[PDB]
There are 2 protein chains.
Amino acid sequence: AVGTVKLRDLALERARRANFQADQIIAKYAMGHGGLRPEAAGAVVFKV
Amino acid sequence: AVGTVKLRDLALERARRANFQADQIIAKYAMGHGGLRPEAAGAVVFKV
């Protein structure tokens, strides 16, 4: 297809902080995207 | 020739920190040391 590699998937956490007296909802998902198999890939462009 | 006072000894604990999203581990202790009855001590060293 094209590069997709996922570790930890998609997740989050609700954390509490003291000094500010408040909540922090934090979502993070680790991944990366390369590319491969140019054989099946191409593109169009208009210019001369 | 030397004592060590001991109060509350040593400990270890684990902690979560959301700011850098990194989790930390901390260990600690407290106590003093010092010379007493210098009568019984001394050393052996090279001359010059």
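A simple spin-label model places the labels of A:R8 and A:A43 3.0 nm from each other, with each point 7 Å out along Cα-to-Cβ.
Could you work out the Rg to Rh ratio of the protein assembly as shown, with Rh taken as the Kirkwood radius (inverse of the mean 1/r over all Cα pairs)?
Working: Rg = 30.6 Å, Rh = 21.6 Å.
So for the protein assembly as shown, dividing Rg by the Kirkwood Rh gives 1.42.
Among the chymotrypsin sites (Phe, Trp or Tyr not before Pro) within chain A, those in coil by DSSP and having at most 13 neighbouring Cβ atoms inside 10 Å are A:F20, A:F46.
The alpha carbons of chain A stretch over 61, 28, 10 Å along the principal axes, in descending order.
Note that we place each Cβ from the backbone using ideal geometry, even for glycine, and neighbour counts take in every protein chain shown. Just so you know, all these numbers are worked out from the coordinates, no wet-lab data involved.
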